[PDB]
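# Per-entry structural report
This is what each chain is made of:
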Amino acid sequence: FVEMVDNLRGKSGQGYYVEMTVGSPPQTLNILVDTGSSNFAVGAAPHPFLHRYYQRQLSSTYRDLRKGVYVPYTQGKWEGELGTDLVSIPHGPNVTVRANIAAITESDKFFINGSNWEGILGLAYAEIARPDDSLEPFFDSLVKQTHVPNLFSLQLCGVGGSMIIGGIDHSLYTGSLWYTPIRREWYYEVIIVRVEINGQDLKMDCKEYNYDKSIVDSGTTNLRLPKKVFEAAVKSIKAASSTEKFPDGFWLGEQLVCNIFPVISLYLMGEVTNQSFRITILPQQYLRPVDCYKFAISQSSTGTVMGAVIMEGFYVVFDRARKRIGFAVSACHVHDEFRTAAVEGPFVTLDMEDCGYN
Ligand SMILES: C[C@@]1(c2ccc(F)cc2F)C[C@@H](c2cncnc2)SC(N)=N1
């Protein structure tokens, strides 16, 4: 796995990407690593924002599926033509697989002006693949066609990081891994059972923490929280940080600001009945440099999203083989001399199954 260390790059707020090759002869592309979606989709036309794009005409191994796909998001969209081709990861396992590829032929608010990636690698499950679950996601193809173990891990450093494909590199973390069950294989869905701001329980019905889901998503920058939870969390963060006052717009991410800030703890459902563990992040994770900073915790209508704000504190193991996600303190996380991100257990937490939304 030495070869896979430091195989991720990016720019702040623009996501983390890995080098891949598609086609025969191989075409090199930079591809966003996204645990929050399930399609392998790449620019296939000369959009002006793109450094490079997939040219199917140059690939002898390209196969047309003769189906199109339209993928709208809340703001923006991509549309593409489905096919298959041979795909490798130069700084990954020494293998080539035949994968589904959506050739992107038009988009809006999808590619970023100024970024260095030109496609997305959806690492989540078939249930959320577009157009439907018959379109086998890349990782499912990789595990089917090779001996690569059904696991990957991510160390996102606040940019660079590591995607260890088929394993765990113990040099990337300190202490022990602690595992939370994947509730359902669609998104990487998890259950949050308790929330603390500076060790102070938010005291909410834990179902609210997971309304309507809680997910782990490398393709999202922020820690996104259900609005009822966000309102409560902001109230507590405001109170803990009242040495200095800030405009109300800052907490809503409508404006920037230029030890006063509390830690944030999320208790996650453990592996055993009535057992949990907690992960703890610092302001160094949730106040993001733009010295100007954006408040990178925001409300959601789609549930909790544990984006880069959470993942940058931790080495995160997507243990698909055992339907569980592991967290350990990241050897690269940004901290200071007084506080560090933490993963701690075990704790006693009752009625954890009541926390999941149905
Ligand atoms: C595919 C997606 C995504 C990530 C990064 C990006 F640069 C462009 C993207 F399209 C969709 C994003 C999204 C936007 N709006 C409503 N829902 C999801 S979040 C995610 N993890 N992956």
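Above this text you will find the structure in question.
As a starting point, this report considers the structure included with it.

Turning our attention to the overall build of the protein. Helices and strands together make up the secondary structure of the protein, namely 5 helices and 24 strands. The C-alpha atoms of the protein give 20 Å as radius of gyration, which agrees with the globular expectation for 358 residues (21 Å, within 12%). With the C-alpha coordinates of the protein rotated into their principal frame, the extents come out at 65 × 45 × 40 Å.

Moving on, we come to the state of the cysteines. Following the criterion strictly, the structure yields 2 disulfides and no others. In this model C157 forms its disulfide with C332; the gap between the sulfur atoms is 2.1 Å. The S-S bond linking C157 to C332 shows a torsion near -100°; that makes this disulfide left-handed. Bonded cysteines in the protein are paired 1-3, 2-4 when counted in the order they occur along the chain.

Throughout the structure, instances matching the rule amount to 24 aromatic pairs. With a centroid separation of 4.9 Å and an interplanar angle of 70°, the aromatic rings of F110 and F111 are classed as edge-to-face. The same class applies to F110 and to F111, which are both buried. Geometrically, the ring pair formed by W251 and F295 is edge-to-face, given 5.0 Å between the ring centres and 80° between the ring planes. A relative accessible area of 4% places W251 in the buried class. Accessibility expressed as a relative area gives 2% for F295, which makes it buried.

To continue, consider the sheet that holds strand β15 (residues 223-226). The strand order β14-β21-β15-β20 describes an open sheet built from 4 strands, whose pairing is mixed. Of all the strands in the sheet, just β14 (214-216) and β20 (297-300) have a single pairing partner and so form its edges. Mean inter-strand twist for the sheet, computed between neighbouring axes without regard to direction, equals 25°. Across 3 bridges, the pairing between β14 and strand β21 (residues 304-306) is parallel. Its bridge partner lying in β21, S214 is registered against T304. Along the sheet, helix α2 (residues 227-240) contacts β15 and β20; its crossing angle with β15, the most-contacted strand, is approximately 115°.

On the basis of which strands lie adjacent, the open sheet formed by 5 strands has the order β13-β12-β16-β17-β24 and antiparallel pairing. Edge strands, defined here as strands with exactly one partner in the open sheet, are β13 (200-201) and β24 (342-348). The sheet contact formed by strand β16 (residues 264-269) and strand β17 (residues 275-281) spans 6 bridges and is antiparallel. Directly across from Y267, in β17, lies its bridge partner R278.

Before going further, it helps to spend a moment on the site of the ligand. Every residue close to the ligand is listed here: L32, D34, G36, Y73, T74, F110, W117, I120, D217, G219 and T220. The side chain of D34 places a nitrogen or oxygen atom 2.7 Å from a nitrogen atom of the ligand. Its free accessible area being 480 Å², the ligand has 72% of it covered by the protein chains. Here the residues of the shell around the ligand are counted per class, giving 5 nonpolar, 4 polar and 2 charged. Each of domain 1 (16-148) and domain 2 (149-358) accounts for three or more of the residues forming the shell around the ligand.

What follows covers the nonpolar core. Soluble globular proteins tend to bury their nonpolar side chains together. The biggest cluster of nonpolar side chains holds 97 residues, and the ones touching the most others in it are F40, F138, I279, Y286, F295 and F327. Per-domain counts for this core show at least three residues from each of domain 1 (16-148) and domain 2 (149-358).

Quick look at empty space enclosed by the protein now. When its volume is computed, the largest cavity comes out at roughly 40 Å³. Of all the secondary structure elements, the ones that give two or more residues to the lining of the largest cavity are β12 (192-197), β15, α2 and β16. Here the lining of the largest cavity is composed, by residue class, of 10 nonpolar, no polar and no charged.

Cut-offs applied
- Residues numbered from 1 in each chain as written, not as in the entry; some residues may be left out.
- Heavy atoms only, no water.
- Residues with missing side-chain atoms left out of burial classes, pairs and counts.
- Helix = DSSP H or I, 4+ residues; strand = E, 2+ residues; numbered from the N terminus.
- Rg over C-alpha atoms; globule rule 2.2 N^0.38 Å.
- Disulfide = S-S within 2.5 Å.
- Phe/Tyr/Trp six-rings, centres within 6.5 Å; stacked < 30°, edge-to-face > 60°.
- Buried < 20%, exposed > 50% of the residue type's maximum accessible area, 1.4 Å probe, protein only.
- Pairing = 2+ DSSP bridges.
- Axes fitted to C-alpha atoms, helices over the stretch in contact; angles between N-to-C directions.
- Contact = heavy atoms within 4.5 Å.
- Near = heavy atom within 4 Å.
- Polar contact = N/O pair within 3.5 Å; in protein donor to acceptor, adjacent residues only side chain to side chain.
- Areas by Shrake-Rupley, 256 points an atom, 1.4 Å probe, with all protein chains shown as cover.
- Nonpolar A, V, L, I, M, F, W, Y, C, P; charged D, E, K, R; others polar.
- Domains from an automatic or database assignment.
- Core = buried A, V, L, I, M, F, W, Y, C linked by side-chain atoms within 4.5 Å.
- 1 Å grid on protein atoms, 1.4 Å probe; cavity = no way out; pocket = protein on both sides within 12 Å on 5 of 7 lines; lining within 4 Å.
- Points joined across faces, edges and corners; volume = space filled by probe spheres on them.

Nothing here speaks to function; it is geometry throughout.
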